[PDB]
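The structure file my_file.cif is reproduced below (mmCIF, C-alpha atoms).
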data_coords
#
loop_
_atom_site.group_PDB
_atom_site.id
_atom_site.type_symbol
_atom_site.label_atom_id
_atom_site.label_comp_id
_atom_site.auth_asym_id
_atom_site.auth_seq_id
_atom_site.Cartn_x
_atom_site.Cartn_y
_atom_site.Cartn_z
ATOM 1 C CA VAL A 31 6.588 42.654 56.215
ATOM 2 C CA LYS A 32 9.869 41.087 57.362
ATOM 3 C CA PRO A 33 12.388 39.039 55.393
ATOM 4 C CA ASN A 34 13.382 35.550 56.429
ATOM 5 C CA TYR A 35 17.057 35.181 55.741
ATOM 6 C CA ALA A 36 18.259 31.706 56.614
ATOM 7 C CA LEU A 37 21.800 30.359 56.559
ATOM 8 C CA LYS A 38 22.527 28.312 53.426
ATOM 9 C CA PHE A 39 26.316 28.043 53.120
ATOM 10 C CA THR A 40 29.441 28.701 55.154
ATOM 11 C CA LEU A 41 32.607 29.455 53.159
ATOM 12 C CA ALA A 42 35.957 28.521 54.706
ATOM 13 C CA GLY A 43 39.344 29.160 53.182
ATOM 14 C CA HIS A 44 40.828 32.427 54.323
ATOM 15 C CA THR A 45 43.573 31.981 56.898
ATOM 16 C CA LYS A 46 43.186 35.359 58.607
ATOM 17 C CA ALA A 47 40.343 37.828 59.149
ATOM 18 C CA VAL A 48 38.125 38.420 56.136
ATOM 19 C CA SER A 49 38.037 42.146 55.352
ATOM 20 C CA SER A 50 35.460 42.588 52.565
ATOM 21 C CA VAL A 51 32.937 40.668 50.450
ATOM 22 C CA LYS A 52 31.338 41.861 47.187
ATOM 23 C CA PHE A 53 28.981 40.244 44.676
ATOM 24 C CA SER A 54 29.806 40.646 40.985
ATOM 25 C CA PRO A 55 27.326 42.904 39.154
ATOM 26 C CA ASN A 56 26.363 39.962 36.910
ATOM 27 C CA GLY A 57 25.401 37.950 39.998
ATOM 28 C CA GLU A 58 27.649 34.984 39.227
ATOM 29 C CA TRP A 59 30.404 35.469 41.797
ATOM 30 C CA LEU A 60 31.363 36.597 45.263
ATOM 31 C CA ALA A 61 34.827 38.092 45.777
ATOM 32 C CA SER A 62 36.399 38.207 49.228
ATOM 33 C CA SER A 63 39.535 39.918 50.501
ATOM 34 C CA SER A 64 41.511 39.103 53.617
ATOM 35 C CA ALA A 65 44.279 40.059 55.989
ATOM 36 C CA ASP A 66 45.887 36.868 54.580
ATOM 37 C CA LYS A 67 46.915 38.897 51.468
ATOM 38 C CA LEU A 68 44.574 36.912 49.212
ATOM 39 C CA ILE A 69 41.456 37.470 47.158
ATOM 40 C CA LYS A 70 39.119 34.496 46.813
ATOM 41 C CA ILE A 71 36.336 33.971 44.276
ATOM 42 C CA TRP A 72 33.266 31.873 45.141
ATOM 43 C CA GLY A 73 30.074 30.850 43.345
ATOM 44 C CA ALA A 74 27.380 33.320 44.357
ATOM 45 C CA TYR A 75 24.541 30.787 44.465
ATOM 46 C CA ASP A 76 26.239 27.659 45.814
ATOM 47 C CA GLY A 77 29.192 29.142 47.692
ATOM 48 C CA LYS A 78 31.504 26.825 45.784
ATOM 49 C CA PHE A 79 35.158 27.878 45.910
ATOM 50 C CA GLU A 80 36.362 29.001 42.487
ATOM 51 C CA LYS A 81 39.924 30.371 42.675
ATOM 52 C CA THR A 82 42.484 32.341 44.718
ATOM 53 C CA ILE A 83 44.073 35.515 43.378
ATOM 54 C CA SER A 84 47.469 36.352 44.885
ATOM 55 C CA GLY A 85 50.082 39.068 44.617
ATOM 56 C CA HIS A 86 49.790 41.657 47.380
ATOM 57 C CA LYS A 87 52.704 41.782 49.823
ATOM 58 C CA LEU A 88 50.567 42.615 52.868
ATOM 59 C CA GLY A 89 46.956 42.198 53.962
ATOM 60 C CA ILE A 90 44.048 43.535 51.932
ATOM 61 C CA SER A 91 41.394 45.840 53.381
ATOM 62 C CA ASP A 92 38.996 46.124 50.415
ATOM 63 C CA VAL A 93 38.163 44.646 46.993
ATOM 64 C CA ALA A 94 35.665 45.892 44.372
ATOM 65 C CA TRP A 95 34.276 44.776 40.998
ATOM 66 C CA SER A 96 34.202 46.584 37.678
ATOM 67 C CA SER A 97 30.699 47.043 36.317
ATOM 68 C CA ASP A 98 31.141 44.334 33.626
ATOM 69 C CA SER A 99 32.256 41.797 36.276
ATOM 70 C CA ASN A 100 35.593 41.274 34.515
ATOM 71 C CA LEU A 101 37.993 43.178 36.786
ATOM 72 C CA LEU A 102 38.674 43.540 40.479
ATOM 73 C CA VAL A 103 40.547 46.274 42.303
ATOM 74 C CA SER A 104 42.082 45.637 45.739
ATOM 75 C CA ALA A 105 43.462 48.031 48.404
ATOM 76 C CA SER A 106 46.361 46.834 50.593
ATOM 77 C CA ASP A 107 48.533 47.660 53.601
ATOM 78 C CA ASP A 108 51.398 47.367 51.075
ATOM 79 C CA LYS A 109 50.338 50.896 50.040
ATOM 80 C CA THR A 110 49.252 49.787 46.588
ATOM 81 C CA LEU A 111 46.112 48.980 44.745
ATOM 82 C CA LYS A 112 46.073 46.170 42.220
ATOM 83 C CA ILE A 113 43.807 45.795 39.192
ATOM 84 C CA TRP A 114 43.086 42.151 38.386
ATOM 85 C CA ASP A 115 41.683 40.356 35.383
ATOM 86 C CA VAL A 116 39.399 37.881 37.121
ATOM 87 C CA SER A 117 39.288 35.264 34.344
ATOM 88 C CA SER A 118 43.074 34.979 33.976
ATOM 89 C CA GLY A 119 44.004 35.896 37.535
ATOM 90 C CA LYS A 120 46.590 38.345 36.179
ATOM 91 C CA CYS A 121 47.554 41.550 37.942
ATOM 92 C CA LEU A 122 47.060 44.060 35.120
ATOM 93 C CA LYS A 123 48.352 47.127 36.982
ATOM 94 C CA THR A 124 49.799 47.999 40.369
ATOM 95 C CA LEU A 125 48.750 51.504 41.423
ATOM 96 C CA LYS A 126 51.524 53.217 43.330
ATOM 97 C CA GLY A 127 51.247 56.668 44.840
ATOM 98 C CA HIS A 128 49.694 56.486 48.275
ATOM 99 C CA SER A 129 52.198 57.056 51.079
ATOM 100 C CA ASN A 130 50.428 54.871 53.655
ATOM 101 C CA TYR A 131 48.008 51.909 53.799
ATOM 102 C CA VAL A 132 45.277 51.865 51.150
ATOM 103 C CA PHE A 133 41.980 51.225 52.924
ATOM 104 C CA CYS A 134 39.168 51.491 50.410
ATOM 105 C CA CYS A 135 38.521 51.426 46.689
ATOM 106 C CA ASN A 136 35.909 51.431 43.940
ATOM 107 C CA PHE A 137 35.522 51.692 40.183
ATOM 108 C CA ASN A 138 33.325 54.378 38.693
ATOM 109 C CA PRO A 139 30.159 53.092 36.948
ATOM 110 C CA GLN A 140 31.903 53.390 33.539
ATOM 111 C CA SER A 141 34.817 51.465 35.086
ATOM 112 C CA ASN A 142 37.452 53.678 33.420
ATOM 113 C CA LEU A 143 38.438 55.189 36.765
ATOM 114 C CA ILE A 144 39.304 53.891 40.210
ATOM 115 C CA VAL A 145 38.965 55.934 43.401
ATOM 116 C CA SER A 146 41.002 55.051 46.495
ATOM 117 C CA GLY A 147 41.292 56.272 50.074
ATOM 118 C CA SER A 148 44.265 55.872 52.354
ATOM 119 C CA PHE A 149 45.717 56.273 55.836
ATOM 120 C CA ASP A 150 47.728 59.071 54.187
ATOM 121 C CA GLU A 151 44.525 61.160 54.475
ATOM 122 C CA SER A 152 44.135 61.510 50.703
ATOM 123 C CA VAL A 153 41.785 60.353 47.986
ATOM 124 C CA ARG A 154 43.335 59.387 44.641
ATOM 125 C CA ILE A 155 41.673 58.955 41.259
ATOM 126 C CA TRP A 156 43.384 56.582 38.851
ATOM 127 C CA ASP A 157 43.088 55.759 35.157
ATOM 128 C CA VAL A 158 42.239 52.046 34.822
ATOM 129 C CA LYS A 159 43.899 51.474 31.424
ATOM 130 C CA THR A 160 47.262 53.086 32.192
ATOM 131 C CA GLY A 161 47.240 52.441 35.942
ATOM 132 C CA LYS A 162 48.370 56.044 36.352
ATOM 133 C CA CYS A 163 47.180 58.523 38.990
ATOM 134 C CA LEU A 164 45.099 61.362 37.526
ATOM 135 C CA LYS A 165 44.305 63.367 40.669
ATOM 136 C CA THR A 166 45.264 63.498 44.339
ATOM 137 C CA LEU A 167 42.751 65.165 46.651
ATOM 138 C CA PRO A 168 43.939 66.459 50.067
ATOM 139 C CA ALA A 169 40.625 65.221 51.296
ATOM 140 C CA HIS A 170 40.775 64.727 55.050
ATOM 141 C CA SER A 171 42.866 65.174 58.215
ATOM 142 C CA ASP A 172 42.736 61.501 59.290
ATOM 143 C CA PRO A 173 42.561 58.156 57.458
ATOM 144 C CA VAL A 174 39.973 57.847 54.694
ATOM 145 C CA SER A 175 37.597 54.990 55.504
ATOM 146 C CA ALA A 176 35.450 54.838 52.358
ATOM 147 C CA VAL A 177 35.178 56.209 48.821
ATOM 148 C CA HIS A 178 32.337 55.763 46.327
ATOM 149 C CA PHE A 179 31.221 57.237 42.992
ATOM 150 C CA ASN A 180 27.647 58.314 42.412
ATOM 151 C CA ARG A 181 25.335 56.925 39.729
ATOM 152 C CA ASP A 182 26.782 58.847 36.765
ATOM 153 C CA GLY A 183 30.332 59.032 38.121
ATOM 154 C CA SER A 184 30.392 62.823 38.345
ATOM 155 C CA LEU A 185 30.749 62.844 42.143
ATOM 156 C CA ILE A 186 32.834 61.004 44.733
ATOM 157 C CA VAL A 187 31.835 60.699 48.375
ATOM 158 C CA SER A 188 34.558 60.111 50.975
ATOM 159 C CA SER A 189 34.503 59.509 54.718
ATOM 160 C CA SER A 190 37.151 59.790 57.381
ATOM 161 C CA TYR A 191 38.089 59.221 61.010
ATOM 162 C CA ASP A 192 38.161 63.051 61.078
ATOM 163 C CA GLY A 193 34.377 62.916 61.417
ATOM 164 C CA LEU A 194 33.541 64.286 57.971
ATOM 165 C CA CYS A 195 31.864 63.073 54.834
ATOM 166 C CA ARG A 196 32.921 65.043 51.768
ATOM 167 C CA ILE A 197 31.568 65.167 48.222
ATOM 168 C CA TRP A 198 34.052 65.873 45.421
ATOM 169 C CA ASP A 199 33.660 66.795 41.774
ATOM 170 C CA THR A 200 35.381 63.949 39.876
ATOM 171 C CA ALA A 201 36.421 66.133 36.947
ATOM 172 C CA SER A 202 37.696 69.192 38.858
ATOM 173 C CA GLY A 203 38.621 67.782 42.271
ATOM 174 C CA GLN A 204 36.756 70.564 44.087
ATOM 175 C CA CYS A 205 35.115 69.877 47.445
ATOM 176 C CA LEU A 206 31.427 70.514 46.808
ATOM 177 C CA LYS A 207 30.048 69.690 50.253
ATOM 178 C CA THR A 208 31.059 68.682 53.773
ATOM 179 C CA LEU A 209 28.479 66.743 55.801
ATOM 180 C CA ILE A 210 28.507 66.237 59.566
ATOM 181 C CA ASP A 211 25.735 65.948 62.170
ATOM 182 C CA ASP A 212 25.515 67.255 65.755
ATOM 183 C CA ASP A 213 28.395 65.135 67.120
ATOM 184 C CA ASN A 214 31.852 64.375 65.577
ATOM 185 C CA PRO A 215 32.508 60.624 65.772
ATOM 186 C CA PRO A 216 34.784 58.993 63.184
ATOM 187 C CA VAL A 217 32.881 58.192 59.998
ATOM 188 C CA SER A 218 33.625 54.575 59.197
ATOM 189 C CA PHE A 219 31.724 54.008 55.933
ATOM 190 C CA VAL A 220 29.822 55.899 53.218
ATOM 191 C CA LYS A 221 28.157 55.097 49.920
ATOM 192 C CA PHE A 222 25.606 56.573 47.528
ATOM 193 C CA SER A 223 22.158 54.958 47.333
ATOM 194 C CA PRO A 224 21.342 53.008 44.155
ATOM 195 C CA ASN A 225 19.256 55.930 42.849
ATOM 196 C CA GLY A 226 22.010 58.400 43.744
ATOM 197 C CA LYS A 227 19.807 60.663 45.866
ATOM 198 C CA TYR A 228 21.119 59.628 49.250
ATOM 199 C CA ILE A 229 24.314 58.870 51.079
ATOM 200 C CA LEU A 230 24.361 56.118 53.707
ATOM 201 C CA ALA A 231 27.002 56.843 56.357
ATOM 202 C CA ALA A 232 28.160 54.806 59.350
ATOM 203 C CA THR A 233 29.760 56.409 62.390
ATOM 204 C CA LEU A 234 31.612 54.800 65.292
ATOM 205 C CA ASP A 235 28.858 55.735 67.719
ATOM 206 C CA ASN A 236 26.637 52.777 66.827
ATOM 207 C CA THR A 237 24.715 54.684 64.173
ATOM 208 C CA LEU A 238 23.891 54.546 60.474
ATOM 209 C CA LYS A 239 22.428 57.634 58.812
ATOM 210 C CA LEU A 240 20.708 58.286 55.500
ATOM 211 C CA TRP A 241 21.500 61.770 54.152
ATOM 212 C CA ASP A 242 19.756 63.651 51.376
ATOM 213 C CA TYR A 243 22.802 64.735 49.426
ATOM 214 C CA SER A 244 21.320 67.692 47.528
ATOM 215 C CA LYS A 245 19.759 69.159 50.677
ATOM 216 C CA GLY A 246 22.606 68.274 53.049
ATOM 217 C CA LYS A 247 20.144 66.921 55.609
ATOM 218 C CA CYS A 248 19.995 63.727 57.658
ATOM 219 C CA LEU A 249 16.691 62.052 56.831
ATOM 220 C CA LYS A 250 16.843 58.754 58.721
ATOM 221 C CA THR A 251 18.926 57.055 61.410
ATOM 222 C CA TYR A 252 19.324 53.315 61.981
ATOM 223 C CA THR A 253 20.307 52.113 65.428
ATOM 224 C CA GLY A 254 20.282 48.974 67.554
ATOM 225 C CA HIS A 255 23.604 47.467 66.518
ATOM 226 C CA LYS A 256 27.091 47.792 67.936
ATOM 227 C CA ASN A 257 29.770 49.675 66.001
ATOM 228 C CA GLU A 258 32.426 51.613 67.909
ATOM 229 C CA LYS A 259 35.700 50.160 66.597
ATOM 230 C CA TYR A 260 35.587 48.713 63.078
ATOM 231 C CA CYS A 261 34.902 50.083 59.618
ATOM 232 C CA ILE A 262 31.903 47.911 58.881
ATOM 233 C CA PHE A 263 30.268 48.095 55.445
ATOM 234 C CA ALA A 264 26.563 48.781 55.020
ATOM 235 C CA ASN A 265 24.234 48.011 52.110
ATOM 236 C CA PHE A 266 20.970 48.844 50.432
ATOM 237 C CA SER A 267 19.050 45.612 49.811
ATOM 238 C CA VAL A 268 16.707 46.105 46.835
ATOM 239 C CA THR A 269 15.791 42.676 45.426
ATOM 240 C CA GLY A 270 12.842 42.176 47.769
ATOM 241 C CA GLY A 271 11.816 44.542 50.523
ATOM 242 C CA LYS A 272 13.829 47.744 50.758
ATOM 243 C CA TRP A 273 16.270 47.172 53.613
ATOM 244 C CA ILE A 274 19.453 48.545 55.111
ATOM 245 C CA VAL A 275 21.931 45.765 55.975
ATOM 246 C CA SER A 276 25.017 45.960 58.202
ATOM 247 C CA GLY A 277 27.375 43.822 60.236
ATOM 248 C CA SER A 278 27.863 44.473 63.933
ATOM 249 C CA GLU A 279 30.420 44.072 66.710
ATOM 250 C CA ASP A 280 28.076 41.710 68.551
ATOM 251 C CA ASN A 281 28.700 39.157 65.753
ATOM 252 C CA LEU A 282 25.260 39.635 64.138
ATOM 253 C CA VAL A 283 23.998 40.883 60.785
ATOM 254 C CA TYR A 284 21.335 43.581 61.241
ATOM 255 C CA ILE A 285 18.567 44.257 58.722
ATOM 256 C CA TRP A 286 16.369 47.363 59.021
ATOM 257 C CA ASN A 287 13.339 48.565 57.124
ATOM 258 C CA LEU A 288 14.740 51.550 55.196
ATOM 259 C CA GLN A 289 11.585 53.645 55.378
ATOM 260 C CA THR A 290 10.435 52.908 58.947
ATOM 261 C CA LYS A 291 13.891 52.397 60.515
ATOM 262 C CA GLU A 292 12.711 49.352 62.479
ATOM 263 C CA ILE A 293 14.916 46.283 62.819
ATOM 264 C CA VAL A 294 13.280 43.469 60.842
ATOM 265 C CA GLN A 295 15.854 40.692 61.330
ATOM 266 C CA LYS A 296 19.112 39.790 63.050
ATOM 267 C CA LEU A 297 21.245 36.978 61.603
ATOM 268 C CA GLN A 298 23.098 34.820 64.138
ATOM 269 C CA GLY A 299 25.950 32.446 63.322
ATOM 270 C CA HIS A 300 29.305 34.211 63.185
ATOM 271 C CA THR A 301 31.799 33.907 66.060
ATOM 272 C CA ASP A 302 33.497 37.294 65.615
ATOM 273 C CA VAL A 303 32.674 40.817 64.429
ATOM 274 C CA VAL A 304 30.837 40.893 61.107
ATOM 275 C CA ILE A 305 33.026 43.358 59.182
ATOM 276 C CA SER A 306 31.385 43.168 55.787
ATOM 277 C CA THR A 307 28.096 42.325 54.138
ATOM 278 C CA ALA A 308 26.935 42.365 50.536
ATOM 279 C CA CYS A 309 23.555 41.928 48.855
ATOM 280 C CA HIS A 310 23.124 39.930 45.653
ATOM 281 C CA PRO A 311 21.984 42.026 42.679
ATOM 282 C CA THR A 312 19.016 39.828 41.620
ATOM 283 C CA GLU A 313 18.331 37.200 44.289
ATOM 284 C CA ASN A 314 17.503 37.712 47.978
ATOM 285 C CA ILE A 315 20.959 36.613 49.101
ATOM 286 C CA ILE A 316 23.210 38.241 51.709
ATOM 287 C CA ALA A 317 26.918 37.448 52.104
ATOM 288 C CA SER A 318 28.508 38.204 55.471
ATOM 289 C CA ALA A 319 32.153 37.990 56.554
ATOM 290 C CA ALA A 320 33.878 37.953 59.934
ATOM 291 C CA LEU A 321 37.160 38.808 61.627
ATOM 292 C CA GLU A 322 40.069 36.740 62.998
ATOM 293 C CA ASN A 323 38.315 34.477 65.526
ATOM 294 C CA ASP A 324 35.871 33.321 62.818
ATOM 295 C CA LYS A 325 37.508 33.613 59.346
ATOM 296 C CA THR A 326 34.380 32.528 57.477
ATOM 297 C CA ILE A 327 31.927 33.939 54.980
ATOM 298 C CA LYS A 328 28.245 33.031 55.227
ATOM 299 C CA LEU A 329 25.534 33.053 52.573
ATOM 300 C CA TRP A 330 21.969 33.678 53.718
ATOM 301 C CA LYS A 331 18.845 33.479 51.523
ATOM 302 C CA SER A 332 15.295 34.795 51.996
ATOM 303 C CA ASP A 333 11.869 34.537 50.364
ATOM 304 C CA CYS A 334 11.349 38.304 50.787
ATOM 305 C CA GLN B 1490 48.879 42.329 64.056
ATOM 306 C CA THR B 1491 45.685 41.023 62.448
ATOM 307 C CA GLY B 1492 47.261 41.701 59.063
ATOM 308 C CA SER B 1493 45.146 44.456 57.487
ATOM 309 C CA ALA B 1494 44.164 47.978 58.482
ATOM 310 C CA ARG B 1495 40.446 47.186 58.305
ATOM 311 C CA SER B 1496 40.653 44.010 60.403
ATOM 312 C CA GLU B 1497 42.774 45.839 63.003
ATOM 313 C CA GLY B 1498 40.111 48.438 63.748
ATOM 314 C CA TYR B 1499 40.261 52.082 64.807
#

Please express what this file holds, its structure, as structure tokens.
Amino acid sequence: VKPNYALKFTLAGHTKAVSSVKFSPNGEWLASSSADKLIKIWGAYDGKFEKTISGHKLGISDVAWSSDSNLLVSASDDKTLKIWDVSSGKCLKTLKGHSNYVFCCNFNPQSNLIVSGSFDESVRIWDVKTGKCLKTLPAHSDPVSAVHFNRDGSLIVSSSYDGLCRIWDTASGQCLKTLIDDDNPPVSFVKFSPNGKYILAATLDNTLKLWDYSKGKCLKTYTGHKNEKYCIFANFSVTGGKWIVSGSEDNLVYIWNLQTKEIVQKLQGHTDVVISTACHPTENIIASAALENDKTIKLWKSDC
Amino acid sequence: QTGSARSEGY
């Protein structure tokens, strides 16, 4: 079985490259971040522009939702993260401590903690309420491209241009595992699977890999796309068929069957690299976003 | 030059 994603809406508004898109956990909203220093909020089902959230001094590389859909956190070249109250648009806290660009960010499932990764080669863990840094992990020897908590928040996975994925104990800060396959390309993205068993990792050799975390083994590889330069997000799509979804440097969105590793669809429409994709939590909807020559976000919907 | 680390690329 193959899905049939079809283009429904195109969202224009950002004035520079879009850097990340994320659906709110409650399914109502899409948040986007951009090199234009802005966060924009859009209706998840109709693509209707809702509001702009402003405050960063330089471009934003990542934005992420709290699990109750009330807060956002953003990571900026201004070397800060900002915590936002979405309803009021207020910047609640500015998280200062990284010594270089902040590249990636996420809340833990409880949403009492934020994890961040930076060009300063560290991972920081921050208290959401106080906006204060709790731990700094000397995690990598090159910029940190992604950070993500597991299902219960007890672990953090990080990835780096240094070619490593590392798993950290949230509470103690200890490195529990280092994962790397037979070659050492920069690792450009990682995240835990929805069930927490696996880690999905992208490397800048045109490859996505599914790792069994507990066993430290690569189980599956997904290929066919182009990814040698950009830190492109990847997703697990779970509302219909079980897919892996990723942007590509040939301007397409790729969708693979998770189990069989076959490509099941390619989405054409963007005019530049698709840097970010997101999958809606309840409906078969994919959001995709593109770089500077395009500047748009697209919403695609399928019957499977 | 593109304005963010992620949109600039490796």

Contact residues around residue A:120 with all atoms listed in the file at 10 Å, ignoring same-chain residues under 3 positions, as number ranges by chain: A: 83-85, 101, 112-117, 123

Since we have the selection now, will you write its residues out, keeping C-alpha atoms, as a short mmCIF file (atom, residue, chain, number, x, y, z; two decimals), in the frame of the given file?
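After the write, part38.cif holds the following:
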data_model
loop_
_atom_site.label_atom_id
_atom_site.label_comp_id
_atom_site.auth_asym_id
_atom_site.auth_seq_id
_atom_site.Cartn_x
_atom_site.Cartn_y
_atom_site.Cartn_z
CA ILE A 83 44.07 35.52 43.38
CA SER A 84 47.47 36.35 44.88
CA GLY A 85 50.08 39.07 44.62
CA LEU A 101 37.99 43.18 36.79
CA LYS A 112 46.07 46.17 42.22
CA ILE A 113 43.81 45.80 39.19
CA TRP A 114 43.09 42.15 38.39
CA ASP A 115 41.68 40.36 35.38
CA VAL A 116 39.40 37.88 37.12
CA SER A 117 39.29 35.26 34.34
CA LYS A 123 48.35 47.13 36.98
#

Hits from the PyMOL selection byres ((chain B and resi 1498) around 7), listed as a VMD selection string: (chain A and resid 259 to 261) or (chain B and resid 1494 to 1497 1499)

Writing out the chosen residues with C-alpha atoms as a PDB file, keeping the file's coordinate frame:
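Output (out_36.pdb):
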ATOM      1  CA  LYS A 259      35.700  50.160  66.597  1.00  0.00           C
ATOM      2  CA  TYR A 260      35.587  48.713  63.078  1.00  0.00           C
ATOM      3  CA  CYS A 261      34.902  50.083  59.618  1.00  0.00           C
TER       4      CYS A 261
ATOM      5  CA  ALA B1494      44.164  47.978  58.482  1.00  0.00           C
ATOM      6  CA  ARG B1495      40.446  47.186  58.305  1.00  0.00           C
ATOM      7  CA  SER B1496      40.653  44.010  60.403  1.00  0.00           C
ATOM      8  CA  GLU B1497      42.774  45.839  63.003  1.00  0.00           C
ATOM      9  CA  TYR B1499      40.261  52.082  64.807  1.00  0.00           C
TER      10      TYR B1499
END

Picked residues, the PyMOL selection byres ((chain A and resi 223-227) around 6), expected as a PyMOL selection string: chain A and resi 180-181+222+228-229

Closest of A:78, A:296, A:250, A:86 to chain B - atom-to-atom distances counting only C-alpha atoms: A:86

Of the listed residues A:150, A:76, A:333, A:92, that which approaches residue A:62 most closely, counting only C-alpha atoms: A:92

Which residues of chain A sit at most 7 Å from chain B, using all atoms listed in the file? Give each one's shortest atom pair and distance in Å (one decimal place), in chain and ascending residue order, as JSON lines.
{"residue": "A:47", "atom": "CA", "partner": "B:1496", "partner_atom": "CA", "distance": 6.3}
{"residue": "A:49", "atom": "CA", "partner": "B:1496", "partner_atom": "CA", "distance": 6.0}
{"residue": "A:65", "atom": "CA", "partner": "B:1492", "partner_atom": "CA", "distance": 4.6}
{"residue": "A:66", "atom": "CA", "partner": "B:1492", "partner_atom": "CA", "distance": 6.7}
{"residue": "A:89", "atom": "CA", "partner": "B:1493", "partner_atom": "CA", "distance": 4.6}
{"residue": "A:90", "atom": "CA", "partner": "B:1493", "partner_atom": "CA", "distance": 5.7}
{"residue": "A:91", "atom": "CA", "partner": "B:1495", "partner_atom": "CA", "distance": 5.2}
{"residue": "A:107", "atom": "CA", "partner": "B:1493", "partner_atom": "CA", "distance": 6.1}
{"residue": "A:133", "atom": "CA", "partner": "B:1494", "partner_atom": "CA", "distance": 6.8}
{"residue": "A:259", "atom": "CA", "partner": "B:1499", "partner_atom": "CA", "distance": 5.3}
{"residue": "A:260", "atom": "CA", "partner": "B:1498", "partner_atom": "CA", "distance": 4.6}
{"residue": "A:261", "atom": "CA", "partner": "B:1495", "partner_atom": "CA", "distance": 6.4}
{"residue": "A:321", "atom": "CA", "partner": "B:1496", "partner_atom": "CA", "distance": 6.4}

Ground truth for the PyMOL selection byres ((chain A and resi 291) around 9), written as a PyMOL selection string: chain A and resi 250-253+273-274+286-290+292-294
